[PDB]
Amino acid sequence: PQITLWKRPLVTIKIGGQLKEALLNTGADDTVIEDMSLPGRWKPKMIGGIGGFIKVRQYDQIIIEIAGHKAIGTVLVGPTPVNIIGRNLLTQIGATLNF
C-alpha cells in the first residue's frame, strides 16, 4: 500500500502470538517492542536516541507479521512507550520512502 504521512503510520503486527499496533519507523535501525515474553535465547543490549539510552532484551530469528507481511529478524524488547518497526524489518517487507 501507499501510506501517507499526515498521521502516524500505525499498523497492526503479529508477534509471539499476539496482535499489536506498531509504528513504521524509517528513522529506527532496530525494531523495538514494548516489554513481553518471547521464546528462545536473548542477550542484553543498550539502544539510544533522543533522551539517551534504554536497556533491552535482544531476541534473534523472530517471525513477525507486519500488516499481513511475514518477516523474520532480530527483535528488541524493553521499556518503550511505542512499538516500533525499524529498518531491519521494513526491508523484508520491501518498504520504501517515496517523493
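Heads up: residue numbers just count along the shown sequence, starting at 1.
As the entry records it, the average C-alpha temperature factor is higher for 46-54, out of 22-30 and 46-54. Checked against the record, the higher mean CA B factor of 1-9 and 89-97 lies with 1-9.
Among the modelled residues of its chain, residue 79 has a C-alpha B-factor that falls in the middle third, as given in the PDB entry. Sorting the modelled residues of the chain by their CA temperature factor places residue 68 in the highest third.
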